[PDB]
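Quick heads-up: the structure tokens below are two forms of one chain, split into structure 1 and structure 2.
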Structure 1
């Protein structure tokens, strides 16, 4: 009934839009945010979310590196990549890294909820 969620994106305004969308749901409760993949790995270990929304392109450590690391340690965490046209070229890397789904910027709330609810019926 509650899905503990992390939001990872180097863009604060994209994190904020996604937080506002999820805030309208009792179900997806945001428990942490991170702005790069290294912080995401550490936060995932500390918080043990059910779900991570993972931007792909981020400075220093990207979402592919973070997805692989988190999947190696705690494979039960669902990781949904947060993609966009400018990240298209990294989507196959995310498939190979074990992503569980995708949501798309610019955000559409119904599509996000469809995607999340498929993983958390």
Structure 2
């Protein structure tokens, strides 16, 4: 019924935008956030969330490499990329890192829900 979401993005305004988008839904409860891949890896282990919204270019560590590490420890958590980069290769790298979804910025509110709802019917 409820899916514990965790938002990670180097842009703090971006984190707020998605956090507000998930507020109208009953289902997506935001449980934490991070601005870099390394903090995301530590928060993912501690928190043990059902869903991650991940940004690819971040200052501390790449978001794709963070995705691989997170899935290595816990495969069950579903990780969705949400990024300004839409290169075909990049998507290839993301799915090879264990990603379950790809969101291309710029987007609208409805797309975030319909993509998230694909993995959580």
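Superpose the two forms; the largest set of C-alphas matching within 1.5 Å is the rigid core. Numbering follows the first chain given and starts at 1.
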Exercise. When you overlay the rigid core, is the Cα of residue 88 off by 2 Å or more between the two structures?
Worked result: yes
Exercise. How many angstrom apart are the two C-alpha positions of residue 108 between the two structures, if you fit on the rigid core?
Worked result: 1.3
Exercise. Following alignment on the rigid core, what Cα displacement (Å) is computed for residue 14 between the two structures?
Worked result: 0.4
